[PDB]
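Heads up: the structure comes next, in structure tokens.
Side chains are part of it too, since the values below use all heavy atoms of this structure and drop only hydrogens, waters and symmetry mates. Each chain gets a letter, A, B and so on, in the order the sequences are listed, and its residues count up from 1.
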Amino acid sequence: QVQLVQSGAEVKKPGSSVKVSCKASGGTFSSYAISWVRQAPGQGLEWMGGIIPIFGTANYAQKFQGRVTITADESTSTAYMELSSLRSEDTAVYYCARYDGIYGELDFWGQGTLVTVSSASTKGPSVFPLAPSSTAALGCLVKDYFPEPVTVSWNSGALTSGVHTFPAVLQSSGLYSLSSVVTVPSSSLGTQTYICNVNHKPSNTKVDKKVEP
Amino acid sequence: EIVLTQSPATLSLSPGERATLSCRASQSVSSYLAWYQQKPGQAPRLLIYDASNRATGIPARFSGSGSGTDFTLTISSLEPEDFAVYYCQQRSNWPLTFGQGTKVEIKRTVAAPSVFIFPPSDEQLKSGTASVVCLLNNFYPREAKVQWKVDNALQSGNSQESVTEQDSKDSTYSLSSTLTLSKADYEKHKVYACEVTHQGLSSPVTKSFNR
């Protein structure tokens, strides 16, 4: 009955600030409290603070006090979370959610906003083959891109069976690296063409790489 | 703050089995405890609130109980869609806090990984760096050990690894490990090997190539 729609993904340098919006459609925005909750890649959930838009009263977790400012505009049914003096450790998906003060639960949730904080600059990936040995395994190494995410498909997305696309790792250089593999019958290596299609939407980069023995 | 500790870290069960998850609070939260489900790429989904009330439209198989410092989420009979991460959450006191999460996974037969090593391409070597990739394909359980070896010397601090979500069709995991060094460092050595330990393997399996 209520949709919470958040602003798009953000990429920021250390020391800077980010402001994420959360627009509510449906229900009674003035009868609600709005909380902000974050989740770093592969980690748990952390509450940042909340606001009661009708009073403008906001509260914060002490770990964040001074760094986070939460505001709301009743006229547009929108809440905002501003996080300043950003560090690498602030890379996370940020959620807005409706906090129900009667029981203490969070019922409506936004789709989330990815905020990546790094000294690195938006960069397309290099794509290197992982050639099959001489059921066979072949793949592509998608190296040195920023930020997340990348999409990898095989043979124009037509080959889906036996594909594994792994979560990216974050290198000490501050750039991401990912591999995608596919197992195929060895007999088809002589005949069947295999191409990995890499799409890095953050840099608007599209790369195709044929993988041969 | 009030700390919530969930146990176990991982539940391994079959579809149709009963799942019981626990949440332990550092102090009493009265009845103000909620449960959430979360799947990859999605916001948490509210399941249970005030310890025992089912959220709107949540299936009957989900139930919660408990009070004070001890709470339980029960899934009477697991459906394929229920294999996910679950969090408990309190708001008896500010700050609002969450448990660290319990993963519920599909238990299946032990399966050994299929192991493949990939040398760096000639294309990459031109840029001055070399990545060596080790693939561990379709294994169960999740626990696995990769050890890189360069001319029989055990590597450390120069590799990163990543693991897929449990496969929907065969309930296996896969693992990719990358060994990274500069072109110069790479050309100083001949034999690059990946040694895999897993409970489906009688003894560790090694795959190598000569530069």
Side-chain angles (χ1 to χ4, degrees), chain A residues 2-27 29 32-51 53 58-61 63-65 67-73 76-99 106-123 145-151 167-168 170 174 176 199-204, chain B residues 36-46 85 87 89 95-96 98 101:
Chain A
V2 175
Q3 302 294 133
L4 300 176
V5 175
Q6 304 185 214
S7 49
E10 300 268 1
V11 183
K12 299 287 174 169
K13 305 283 176 192
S16 73
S17 295
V18 66
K19 193 169 175 184
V20 178
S21 64
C22 174
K23 203 280 209 303
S25 293
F29 189 74
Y32 303 157
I34 300 294
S35 270
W36 287 92
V37 172
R38 75 169 184 187
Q39 182 171 45
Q43 316 305 307
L45 295 158
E46 189 171 38
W47 178 79
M48 298 174 77
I51 189 171
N59 71 339
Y60 304 102
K63 188 201 169 186
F64 292 106
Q65 282 194 307
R67 283 220 296 140
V68 58
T69 300
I70 292 156
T71 53
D73 182 347
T76 62
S77 305
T78 304
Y80 297 96
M81 189 281 297
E82 187 170 19
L83 185 63
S84 66
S85 293
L86 288 165
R87 295 183 285 281
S88 300
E89 313 91 275
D90 296 320
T91 296
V93 177
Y94 290 77
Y95 295 100
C96 67
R98 186 252 165 168
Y99 170 75
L106 304 154
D107 62 337
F108 313 122
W109 288 72
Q111 86 273 28
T113 300
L114 179 60
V115 177
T116 306
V117 188
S118 176
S119 31
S121 293
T122 304
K123 188 170 169 290
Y145 68 93
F146 179 89
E148 289 276 56
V150 283
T151 46
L170 184 55
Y176 294 92
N199 191 17
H200 189 228
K201 281 189 168 73
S203 67
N204 214 14
Chain B
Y36 303 82
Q37 181 192 71
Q38 192 180 30
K39 300 180 183 191
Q42 291 188 349
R45 166 200 195 199
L46 177 69
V85 184
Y87 296 94
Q89 173 261 310
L96 186 156
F98 291 89

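- Using modelled atom types, one finds a donor on one side chain and an acceptor on the other under 3.5 Å when comparing A:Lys13 with A:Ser121.
- Counting only heavy atoms from C-beta outward, the side chains of A:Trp109 and B:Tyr36 approach each other to under 4.5 Å.
- Looking at every heavy atom in both residues, A:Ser17 comes nearest to A:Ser85 through OG-N, 4.2 Å.
- Two residues are said to be in side-chain contact when any heavy atoms from C-beta on lie closer than 4.5 Å; A:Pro147 and A:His200 meet this criterion.
- Taking the salt bridge (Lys or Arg N to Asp or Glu O under 4.0 Å) definition, one finds that A:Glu148 meets it with nothing, sequence neighbours left out.
- At least one side-chain heavy atom of A:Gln6 sits under 4.5 Å from a side-chain heavy atom of A:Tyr95.
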key: Residue pair A:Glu82, A:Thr71: steps toward the side-chain contact (heavy atoms from CB on, under 4.5 Å) verdict   = CA-CA 8 Å; A:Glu82 187 170 19; A:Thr71 53; over 6 Å; no

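- Taking all atoms of both residues into account, the shortest heavy-atom contact from A:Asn59 to A:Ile70 is O-CD1, 4.5 Å.
- Residues A:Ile34 and A:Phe29 have side chains in contact (heavy-atom distance under 4.5 Å, counting atoms from C-beta outward).
- Taking 4.0 Å as the cut-off between side-chain N and carboxylate O, A:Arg67 and A:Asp90 count as a salt-bridged pair.
- Taking the side chain as every heavy atom from C-beta outward, A:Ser118 and A:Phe146 approach each other to under 4.5 Å.
- The two atoms that bring A:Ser119 and A:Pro14 nearest to each other are N-CD, 3.6 Å, heavy atoms only.
- Rounded to the nearest 0.5 angstrom, A:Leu114 CG and A:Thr91 OG1 are separated by 7.5 Å.
- Not counting sequence neighbours, A:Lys201 has no partner by the salt bridge (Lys or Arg N to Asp or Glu O under 4.0 Å) test.
- Counting heavy atoms from C-beta on, the side chains of B:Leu96 and A:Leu106 come closer than 4.5 Å.
- Checking side-chain atoms of B:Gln42 against main-chain N and O of B:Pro40 turns up no donor-acceptor pair under 3.5 Å.
- Of all the heavy atoms in A:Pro149 and A:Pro202, the pair that sits closest is O-CD, 3.6 Å.
- To the nearest 0.5 Å, atoms CG (A:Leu4) and CG (A:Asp107) are separated by 8.5 Å.
- Rounding to the nearest 0.5 Å places NZ of A:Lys19 at 6.5 Å from OH of A:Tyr80.
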inquiry  = Using side-chain contact (heavy atoms from CB on, under 4.5 Å), reason through A:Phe108 and B:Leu46 one step at a time and then give a plain yes or no.
reply    = CA-CA 8 Å; A:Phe108 313 122; B:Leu46 177 69; over 6 Å; no

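- Legend: residues meeting salt bridge (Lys or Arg N to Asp or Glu O under 4.0 Å) with A:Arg87, ordered by chain and number and at least two apart, are A:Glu89.
- Put simply, the side chain of A:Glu10 does not reach to within 4.5 Å of the side chain of A:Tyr94, judged on heavy atoms.
- Summarising the geometry, atom CD1 belonging to A:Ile51 is positioned 11.5 Å from atom SG belonging to A:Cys22; distances are rounded to the nearest 0.5 Å.
- At a threshold of 4.5 Å between non-hydrogen side-chain atoms, the residues A:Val2 and A:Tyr32 count as touching.
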request  = Show your reasoning for whether side-chain contact (heavy atoms from CB on, under 4.5 Å) applies to A:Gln39 and B:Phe98.
outcome  = CA-CA 11 Å; A:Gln39 182 171 45; B:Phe98 291 89; over 6 Å; no

query = What do the steps show when you test A:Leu45 against B:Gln89 for side-chain contact (heavy atoms from CB on, under 4.5 Å), and what is the final call?
reply = CA-CA 9 Å; A:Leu45 295 158; B:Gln89 173 261 310; over 6 Å; no

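- For an aromatic pair to be called close, the ring centres must be under 6.0 Å apart, and A:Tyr176 with A:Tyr145 satisfies this.
- With hydrogens and angles ignored, the 3.5 Å screen pairs a side-chain donor or acceptor of A:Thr151 with a backbone N or O of A:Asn199.
- The NZ atom of A:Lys23 sits 13.0 Å away from atom OG of A:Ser7, with the distance rounded to the nearest 0.5 Å.
- Of all the heavy atoms in B:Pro95 and A:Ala61, the pair that sits closest is CB-CB, 4.4 Å.
- Residues A:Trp36 and A:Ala79 share a closest heavy-atom pair of CZ2-O, 3.9 Å.
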